[PDB]
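# Structure at a glance
Chain by chain, the residues:
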Protein chains: 2
Amino acid sequence: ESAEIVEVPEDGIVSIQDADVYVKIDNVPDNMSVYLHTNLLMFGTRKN
Amino acid sequence: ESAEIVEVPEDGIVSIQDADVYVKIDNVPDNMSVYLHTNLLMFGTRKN
């Protein structure tokens, strides 16, 4: 339930707080979309 | 313009990301309210 999976915009740039990821996939079927997992592994000792 | 001044709730507890401030003022006039300055001095090297 804690996964945060967002949809990739048309310009291909997803922002994750200061970090920018450039994603371009060719030959994507017309009934499908591209998603990015934005917190696959995370670790921290304080909440903020 | 960068000041973030919020109004104190009825229970007197304001949360500032994990930190809690307890504010109780006596004899407040009925046409006035209590506000708290939540970022008087701040310093950081990265945006997040």
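Rules behind the numbers
Residues numbered from 1 in each chain as written, not as in the entry; some residues may be left out. Chains lettered and ligands numbered in written order. Part of a larger assembly, values for the part shown. Heavy atoms only, no water. Helix = DSSP H or I, 4+ residues; strand = E, 2+ residues; numbered from the N terminus. Buried < 20%, exposed > 50% of the residue type's maximum accessible area, 1.4 Å probe, protein only. Contact = heavy atoms within 4.5 Å. Areas by Shrake-Rupley, 256 points an atom, 1.4 Å probe, with all protein chains shown as cover. Patch = residues over 30% accessible without salt bridge, like charges linked within 9 Å, V, L, I, M, F, W, Y side chains within 5 Å. Salt bridge = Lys/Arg side-chain N within 4 Å of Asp/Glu carboxyl O.

The PDB entry lists chain A under the name Scaffold protein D13, with Vaccinia virus given as the organism.

## Thoughts on the overall build of chain A
Counting its secondary structure elements, chain A contains 0 helices and 4 strands. Reading chain A from its N end, one meets helices and strands in the order β-β-β-β. By principal-axis analysis of the C-alpha atoms, chain A measures approximately 40 × 25 × 10 Å. Looking at the 48 residues of chain A, the share that counts as buried comes to 15%. The contacts of chain A with a sequence gap of at least 6 include a subset with a gap of at least 24, amounting to 50%. For chain A, the accessible surface area stands at approximately 4,700 Å², while carbon and sulfur atoms represent 51% of it.

## Focus on the environment of A:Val8
All names here are of chain A. Of note, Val8 is situated in the loop between strand 1 (5-7) and strand 2 (13-16). Separated by 12 residues in sequence, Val8 and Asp20 have C-alpha atoms that sit 12 Å apart. What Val8 contacts, discounting residues up to four positions off in sequence, is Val14, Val34, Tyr35 and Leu36.

## With respect to a nonpolar patch on the surface
Residue and element names in this part refer to chain A. A contiguous nonpolar surface patch, about 300 Å² in accessible area, is contributed by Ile25, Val28 and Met32. Structurally, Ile25 can be placed in the loop between strand 3 (19-22) and strand 4 (35-37). Residue classification places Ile25 among the exposed residues on the basis of a relative accessible area of 57%.

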